[PDB]
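Summary of structural features
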Amino acid sequence: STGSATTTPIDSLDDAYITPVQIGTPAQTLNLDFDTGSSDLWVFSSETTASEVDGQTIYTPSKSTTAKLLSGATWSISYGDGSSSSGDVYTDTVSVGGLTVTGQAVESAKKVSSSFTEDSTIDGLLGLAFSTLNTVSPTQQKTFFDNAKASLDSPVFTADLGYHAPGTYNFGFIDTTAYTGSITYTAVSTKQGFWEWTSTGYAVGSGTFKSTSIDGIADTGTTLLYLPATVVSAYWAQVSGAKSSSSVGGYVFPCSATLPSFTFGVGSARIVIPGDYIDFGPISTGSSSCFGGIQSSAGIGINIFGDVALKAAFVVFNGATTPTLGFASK
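Below is a short write-up of the structure.

**Side note on the overall build of the protein**
- Along its length, the protein carries four helices and 24 strands.
- At 20 Å, the protein has a C-alpha radius of gyration in line with the 20 Å of a compact globule built from 330 residues.
- Overall, the C-alpha framework of the protein stretches about 60 × 45 × 30 Å when taken along its three principal axes.

Below is the structure:
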């Protein structure tokens with residue numbers, strides 16, 4: 001089997017991407033944030049505290065003939081940006097782009113933090129990291145990908161995120177028309193539950209490539225690119241007037257600037273992030289100070305290849321017995 005679904009930015013800055021997911025019988029379609037940095041499939045639901053729902057589409061298990069309470073199971077998750085959610089668990093039929101999993105754990109939110117409530121466009125998350133991170137207790141549950149894996153033509157999914165445009169998540173096949181040149185594969189460590197890999201270095205604009213190992217995670221659920229302070233300083237030093245602002249919470253730059261590209265290494269291959277991808281616009285409406293798309297990972301504890309990086313590539317998440325990650329230009 002295979003699946004193929006279009007993923008669409010939630011706003012003009014590509015802050016996140018939503019992908020339609022069919023849950024239950026008859027189908028209830030929710031727009032979920034596919035997150036390769038977590039492993040819970042959770043939704044706004046009929047159980048969500050009413051004051052914490054503001055425009056989201058909810059899953060109502062009582063209207064699904066295939067929903068079954070997973071008795072005794074609860075979940076609770078906190079994300080790197082400080083947001084959180086928790087609740088109980090149903091099993092139900094879940095389909096993505098024509099690919100169907102029966103008995104998928106659908107985690108129903110009883111509570112969500114303010115950032116989720118305030119984002120009317122995201123109806124929940126669909127985790128695509130390793131199932132060892134799943135938060136369901138007392139019986140840990142598998143991700144949608146893990147459940148689908150054995151039925152897939154090939155044990156892979158791919159992320160092809162657009163810049164200010166829709167893209168695609170595919171399951172079970174590699175679309176050889178969706179990228180240019182070849183795919184370069186690189187080793188993955190699952191020790192922390194993430195799609196964790198080591199970039200071979202970076203360049204800033206037309207500058208020389210610096211060979212240096214940068215361990216980090218491929219995370220579709222993080223907006224920006226978070227790298228070591230040394231790397232990030234070298235980037236922003238090439239933008240006149242750029243500075244790190246503790247009041248704003250990272251590097252800002254004059255909105256009048258033309259940003260240089262940023263290149264990262266994947267083995268001997270190179271992925272180029274155009275300068276425009278690094279512009280996250282005014283810090284507040286009407287401001288001439290703009291927020292940078294490359295930020296320091298210092299104090300996160302991990303480097304994160306988020307959407308800024310991933311949308312510059314066609315990315316293969318290979319879930320074979322020995323997982324790997326592949327990157328191609330496009």
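So that's the structure; there's more coming.
**Focus on the packing of aromatic side chains**
- As enumerated under the stated definition, the model contains 25 aromatic pairs in all.
- Ring geometry for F144 and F171: centres 5.6 Å apart, planes at 85 degrees, overall edge-to-face. Taken together, the residues span a long stretch of sequence, with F144 in helix α2 (residues 144-148) and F171 in strand β10 (residues 167-171) at a distance of 27 residues.
- In this structure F144 comes out as buried when scored by relative accessible area, which is 1%.
- Plain terms: the ring middles of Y235 and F262 are 6.1 Å apart, the flat faces sit at 70 degrees to each other, and that makes the pair edge-to-face. Note that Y235 is positioned in helix α3 (residues 229-236) and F262 in strand β17 (residues 262-266), a separation of 27 residues in sequence.
- Taken together, the aromatic side chains of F34, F130, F144, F145, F157, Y169, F171, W195 and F317 make up a single cluster linked through ring pairs.
- A cation over an aromatic ring shows up here: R270 above the ring of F209, its NZ or CZ 3.7 Å from the ring centre.
- Directly above the ring of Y277 sits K311, whose terminal nitrogen or CZ lies 5.7 Å from the centroid.

**Examining the sheet that holds β17**
- The strand order β18-β17-β12-β13-β22-β14-β21 describes an open sheet built from seven strands, whose pairing is mixed. A strand with exactly one partner marks an edge of an open sheet, and here the two such strands are β18 (269-273) and β21 (294-296). Across the sheet, the mean angle separating the axes of adjacent strands is 45 degrees when strand polarity is ignored.
- Relative to strand β22 (residues 303-305), strand β14 (residues 225-227) runs antiparallel, the two sharing two bridges. Bridge pairing in β22 links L225 to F305.
- Packed onto the sheet, α3 meets β12 (196-204), β13 (210-218), β14, β17 and β21 and runs at close to 140 degrees relative to β21.

**Let's talk about the layout of surface pockets**
- Of the volumes computed, that of the largest pocket is approximately 1,200 Å³.
- Together, 39 residues line the largest pocket, and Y79, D81, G221, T222 and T223 are the ones closest to its centre.
- Elements with a minimum of two residues in the lining of the largest pocket: β3 (28-35), β5 (68-78) and α1 (114-117).
- Each residue belonging to the lining of the largest pocket can be placed in one class, and the counts come to 18 nonpolar, twelve polar and nine charged.
- Formed jointly, the lining of the largest pocket draws a minimum of three residues from each of two domains, domain 1 (5-174) and domain 2 (175-330).

Scoring rules and cut-offs
Residues numbered from 1 in each chain as written, not as in the entry; some residues may be left out. Heavy atoms only, no water. Residues with missing side-chain atoms left out of burial classes, pairs and counts. Helix = DSSP H or I, 4+ residues; strand = E, 2+ residues; numbered from the N terminus. Rg over C-alpha atoms; globule rule 2.2 N^0.38 Å. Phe/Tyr/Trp six-rings, centres within 6.5 Å; stacked < 30°, edge-to-face > 60°. Buried < 20%, exposed > 50% of the residue type's maximum accessible area, 1.4 Å probe, protein only. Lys NZ or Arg CZ within 6 Å of the ring centre and 35° of its normal. Pairing = 2+ DSSP bridges. Axes fitted to C-alpha atoms, helices over the stretch in contact; angles between N-to-C directions. Contact = heavy atoms within 4.5 Å. 1 Å grid on protein atoms, 1.4 Å probe; cavity = no way out; pocket = protein on both sides within 12 Å on 5 of 7 lines; lining within 4 Å. Points joined across faces, edges and corners; volume = space filled by probe spheres on them. Nonpolar A, V, L, I, M, F, W, Y, C, P; charged D, E, K, R; others polar. Domains from an automatic or database assignment.

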